[PDB]
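**Student:** Let me begin by handing over the structure; questions about it come next.
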Amino acid sequence: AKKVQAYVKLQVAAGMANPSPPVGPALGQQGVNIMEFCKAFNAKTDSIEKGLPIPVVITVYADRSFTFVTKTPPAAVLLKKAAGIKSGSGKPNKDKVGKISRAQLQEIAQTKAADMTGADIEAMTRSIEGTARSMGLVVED
Amino acid sequence: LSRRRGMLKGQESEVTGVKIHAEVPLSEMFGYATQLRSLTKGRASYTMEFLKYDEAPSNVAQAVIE
Amino acid sequence: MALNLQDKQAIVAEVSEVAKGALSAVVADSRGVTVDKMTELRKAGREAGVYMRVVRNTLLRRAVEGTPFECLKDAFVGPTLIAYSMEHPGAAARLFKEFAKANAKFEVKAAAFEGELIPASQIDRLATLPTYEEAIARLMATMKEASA
Amino acid sequence: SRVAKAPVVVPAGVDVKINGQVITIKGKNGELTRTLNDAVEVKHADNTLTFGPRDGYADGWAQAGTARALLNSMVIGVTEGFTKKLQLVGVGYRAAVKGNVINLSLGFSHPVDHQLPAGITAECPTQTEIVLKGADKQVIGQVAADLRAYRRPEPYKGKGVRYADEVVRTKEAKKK
Amino acid sequence: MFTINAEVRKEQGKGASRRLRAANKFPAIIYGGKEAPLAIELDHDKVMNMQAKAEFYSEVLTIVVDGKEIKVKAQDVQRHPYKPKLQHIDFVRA
Amino acid sequence: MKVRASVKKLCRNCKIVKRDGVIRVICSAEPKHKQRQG
RNA sequence: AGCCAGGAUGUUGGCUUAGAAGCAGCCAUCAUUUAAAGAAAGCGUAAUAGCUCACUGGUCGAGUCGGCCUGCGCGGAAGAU
Ligand SMILES: [Mg+2]
Ligand SMILES: [Mg+2]
Ligand SMILES: [Zn+2]
């Protein structure tokens with residue numbers, strides 16, 4: 001990327017990208033090919049896993065068709081189906097409700113290795129600290 | 001919509017326009033069409049039907065006096 | 001900023017790189033974006049990690065405050081904006097190479113590459129390097145000489 | 001201070017001609033011109049002019065500072081000459097130049113016809129552009145202003161005589 | 001560390017005291033020990049700056065009256081009713 | 001322009017000037033902040 | 001002080017909202033990558049986008065920032081033959 005022009009990003013779902021009220025039409029509208037979001041999308045989607053959030057960019061100008069750019073998963077959401085609670089609080093942050101794992105955060109953050117700056121790959125865990133102190137949740141470290 | 005004492009509840013993003021969803025009191029939507037037109041250069045449908053009865057703000061209530 | 005003490009550190013840490021180093025190269029980052037640094041750190045990354053630097057300092061007042069030590073070829077390098085790159089382990093390596101190739105991808109100027117020390121002098125891209133361990137380019141020299 | 005204290009280069013092509021309080025400056029263009037100073041004291045010699053306070057003036061320095069600054073710009077004028085540039089925006093906003101008078105059409109029920117002064121000349125790259133070079137800095141300023149005045153840029157569609165190095169804020173139309 | 005130069009007061013009384021304060025000085029007194037109390041006149045701004053540091057009140061401090069070095073601890077301070085100024089200081093003799 | 005007895009700065013872009021005897025406030029961002037009679 | 005550059009990655013922090021993505025609100029404010037870059041001081045967006053500041057590297061080349069005690073002044077200040 002040496003010339004940004006259009007990078008709309010509103011996370012989607014792997015098993016079936018083909019919505020309508022949330023995104024649907026407007027997820028590829030202004031010179032974009034709506035059809036291609038099942039031919040090219042799922043060409044790197046099911047490569048991994050199906051069901052959960054997936055941010056994304058495309059590279060279409062006014063060139064009709066296009067190639068679909070894969071992306072990372074968010075690093076704080078990996079504190080739900082790979083951790084515990086799925087909301088975030090319930091009880092106002094006057095009291096620190098949640099609860100965290102020290103084992104996890106390493107390899108399960110490591111999953112996001114190719115989207116981070118920390119040279120040391122254990123540093124990258126140190127980043128998931130506050131990101132997973134999302135409520136003030138401390139780890140039985 | 002907000003100015004009309006109105007409550008919002010969604011935005012979809014319908015293709016080319018943007019469906020905007022709101023619950024707003026009847027006694028406030030009168031002559032809506034005319035200003036909606038002014039705000040949107042004349043391109044903006046809208047539609048309404050009855051939904052519910054909610055508390056009228058005090059100033060409203062005490063005014064509504066027969 | 002910080003007071004004296006912290007400049008000294010900016011020196012002693014920097015000048016024990018030179019005192020225990022390998023290769024040296026330049027660059028003027030007028031336009032040096034952050035995608036810029038990000039990348040060359042993955043390059044310091046392949047080129048170990050944090051074995052390398054680029055501590056922008058070209059205040060003569062700083063990264064010349066390590067020069068009348070070694071590499072007084074840099075009283076001349078230290079004017080205007082400059083990004084001094086030190087090598088610790090590694091061959092007198094590639095560091096050199098992608099500096100030209102990088103800045104040869106627009107990636108801002110390279111000070112025309114005012115160049116650096118291994119010998120004691122100036123400019124010119126050399127891949128006289130990471131061939132290094134191309135003692136295989138002295139292994140193909142055994143049987144080919146032995147046969148032919 | 002600073003501006004006063006700093007000196008000023010006189011690049012080959014300038015004559016320069018101080019007499020009492022009356023500097024003068026010709027060049028490749030450069031309609032000469034001669035200003036006056038006061039509580040300031042100028043000094044010739046050198047390839048430079050140097051300005052400083054004159055004894056017994058609380059205004060000195062503060063005054064000396066402007067003196068330098070003015071002189072400086074004269075030379076600059078007499079060298080490269082000064083720029084300008086205003087562009088018209090809005091339907092039917094033409095501009096002409098009929099010699100040393102600029103013919104503008106700015107949505108009025110009459111013609112404007114603005115007559116340029118002395119040391120300024122102007123030309124029209126487009127019907128929708130004007131440029132005037134000249135010696136005296138302060139004057140091209142003046143002219144640029146008055147020319148802008150016939151229709152200062154309005155904030156709803158930015159219509160009118162702009163500056164180019166402008167900003168023209170502009171703002172969204174009321175909710176009717 | 002605080003060294004407080006000082007001069008013996010030639011005049012006592014509200015009249016003198018008032019005149020003092022106008023000329024950026026101010027009266028003080030040293031007492032304690034077995035030897036008599038001394039009427040002092042210190043410079044306001046010097047001491048005014050000093051008393052800003054909390055040590056002034058805790059550390060032991062030394063006063064130089066006609067070059068004698070009396071060395072005392074601050075017993076009490078009279079501050080102005082509403083200005084950032086000093087009126088009077090009591091010094092107890094260690 | 002507001003003509004208040006107190007003038008003061010309102011934005012970090014508002015500058016305060018003294019032309020003639022008058023104390024003014026100039027704001028490069030917001031025309032609503034122009035002021036006289038300070 | 002000007003002027004040249006950067007002003008970043010986890011990431012839209014969590015909660016809360018129709019929407020709160022540095023920036024309406026509640027709570028916390030860490031970790032990185034570094035020359036330096038706030039879970040952001042302001043402008044801006046329906047929310048994003050976008051423009052700055054803080055901070056840092058460059059240029060410049062000798063002073064410079066704001067409080068304290070004070071003297072004299074400026075505005076605030078419109079009337080009837
Ligand atoms: Mg009396
Ligand atoms: Mg009067
Ligand atoms: Zn303002």
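All residue names refer to the structure tokens as shown: chains lettered A, B, ... in order, residues numbered from 1 in each chain, ligands numbered from 1 in order.
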Can you work out which residues from chain D touch chain G at a cut-off of 12 Å (counting only C-alpha atoms (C1' of nucleotides)) and hand them back as a list in words?
**Tutor:**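 On the chain D side, the interface is residues 1, 2 and 6 of chain D.
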**Student:** Could you turn the residues from that selection into a file that holds N, CA and C atoms, as a CSV table (one decimal), in the first residue's frame?
**Tutor:**
chain,number,residue,atom,x,y,z
D,1,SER,N,15.1,45.2,17.2
D,1,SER,CA,15.7,43.9,17.5
D,1,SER,C,15.8,43.0,16.2
D,2,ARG,N,16.1,41.8,16.4
D,2,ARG,CA,16.3,40.7,15.3
D,2,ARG,C,16.2,41.2,13.9
D,6,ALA,N,19.5,42.1,12.2
D,6,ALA,CA,20.0,41.4,11.0
D,6,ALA,C,20.3,42.5,9.9
**Student:** Pick out the residues sitting within 9 Å of residue 26 (chain D), and hand them over as a ChimeraX atom specification; count only C-alpha atoms (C1' of nucleotides), and ignore anything fewer than 5 positions along from it in its own chain.
**Tutor:** /D:13-16,31-33,75,78-79
**Student:** Show me, as a list in words, every residue of chain A with an atom at most 9 Å from chain C, counting only C-alpha atoms.
**Tutor:** residues 117, 119 and 120 of chain A
**Student:** Please provide the set of residues having any atom within 7 Å of residue 69 (chain D), restricted to only C-alpha atoms (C1' of nucleotides), with same-chain residues fewer than 4 positions apart removed, written as a PyMOL selection string.
**Tutor:** chain D and resi 3+65+73
**Student:** Throw together the list of residues within 12 Å of ligand 1, counting only C-alpha atoms (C1' of nucleotides) and all ligand atoms, and drop it here as a list in words.
**Tutor:**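 Here is the list of contacting residues: residues 13, 14, 15, 16, 17, 18 and 19 of chain E.
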